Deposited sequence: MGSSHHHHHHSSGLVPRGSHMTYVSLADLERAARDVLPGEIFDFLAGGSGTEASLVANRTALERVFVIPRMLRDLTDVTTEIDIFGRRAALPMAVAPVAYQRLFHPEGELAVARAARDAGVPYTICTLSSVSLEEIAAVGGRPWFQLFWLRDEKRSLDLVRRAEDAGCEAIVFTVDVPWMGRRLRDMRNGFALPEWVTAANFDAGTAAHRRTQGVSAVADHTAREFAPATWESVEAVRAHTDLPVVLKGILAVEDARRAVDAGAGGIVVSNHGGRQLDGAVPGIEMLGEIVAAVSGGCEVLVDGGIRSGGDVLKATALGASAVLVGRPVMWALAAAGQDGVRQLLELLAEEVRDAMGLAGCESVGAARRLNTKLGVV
């Protein structure tokens, strides 16, 4: 929330634009926020709140909040401790942390921090390097493979093109790409016992097919407005997708979650959990690990506050809330 100011001041111009930007005219980046702001929660009153809990069970493990840190590449771009600082704060907060394929610190090191790390996979031209990366994540103790499926190639980032931005010095520590298809998903699924989570699903029939394909979860997401410019916001497809999946997998959403109230809105629309991306990096650029820890602490307080004000003692009760679309 606040922190974006501090992030801009301390970060170089091309780095902040890299983090904040979307593709094309940034129509989908802005729409993620406008879609959330149109959602109003209908709160329930007078229910027992003696033991409000924000915990959820997801992928076999208890999480402190219906929330995980979204995969964001090259976190040493924002702070010298990079991914290690975020993973430690996430571990301490009881929240899953998603290790990126393009992390600026190796996945084995991030995983050693503990917590329950997830691993985000970009498909490589080699089915063999891809499946080896999946094996590395699983050997390292990762709890889920978050297969990103909305990047056959990178969308056109006009901020980066204008800046002529390039990665200085930070490296892709996991390395000494190709478009993913449904065959690639089956290959991952056959190669791991970990739940496979498809990130970047927006069509109802792709959500149905993801369940048919054996996915343990999906992330309803337009990649923070960074891929197809003009792609519908995930929050706009979330309710339809939740109904179509009918409990067959976990349904996460991301894009523009900026408060505990937004988490409540996402769960009232039926999400299992949210991912949060840019705000975590603002906290990381502002004050390192302690900055992320404070963000997560504040988010946990706002989620708990919003849930109780809505009459929800549990996240499951929050998913049963009704909503109304407004202006």
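Numbering the deposited sequence from 1, one finds several regions with no C-alpha coordinates, namely 1-26, 196, 204-225, 377.
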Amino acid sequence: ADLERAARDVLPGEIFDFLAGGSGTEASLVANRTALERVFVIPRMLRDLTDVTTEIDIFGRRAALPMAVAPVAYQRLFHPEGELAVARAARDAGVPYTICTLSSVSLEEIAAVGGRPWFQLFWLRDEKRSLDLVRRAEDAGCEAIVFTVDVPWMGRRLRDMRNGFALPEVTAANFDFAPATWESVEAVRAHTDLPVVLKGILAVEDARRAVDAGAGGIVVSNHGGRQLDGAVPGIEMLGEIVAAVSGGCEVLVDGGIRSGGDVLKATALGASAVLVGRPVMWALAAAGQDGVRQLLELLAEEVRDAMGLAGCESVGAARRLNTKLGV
From here on, numbers count along this sequence of modelled residues.
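Basically, rigid core = biggest C-alpha set you can superpose within 1.5 Å across the two forms.
Between stretches 124-132 and 209-217, greater average Cα displacement in 7 other deposited structures of this protein relative to the shown form, fitted by the core, falls on 124-132. Compared against other deposited entries of this protein, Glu83 counts as consistently modelled, with coordinates in all of those that resolve the residues around it and thus below the third mark. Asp176, though modelled here, lacks coordinates in at least a third of the other entries of this protein that were compared and that model residues flanking it.
Higher average CA B factor: 137-145, of the stretches 137-145 and 216-224.
Relative to one another, 103-111 and 193-201 have unequal mean CA B-factors, and 103-111 is the one with the higher figure. Ranking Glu240, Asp229, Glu186, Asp160 by the C-alpha B-factor listed in the PDB entry places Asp160 at the top. Between the residues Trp123, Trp182, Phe119, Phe78, it is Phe78 that shows the highest Cα B-factor in the PDB record. Among the modelled residues of its chain, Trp282 has a C-alpha B-factor that falls in the highest third according to the deposited record. Per the PDB record, residue ranking by Cα B-factor puts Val95 in the middle third of the chain. Sort the chain's modelled residues by C-alpha temperature factor and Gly82 lands in the highest third, per the entry. Among the modelled residues of its chain, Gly248 has a C-alpha B-factor that falls in the lowest third according to the deposited record.
Annotation for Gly234: C-alpha temperature factor in the lowest third relative to the rest of the modelled chain, per the entry.
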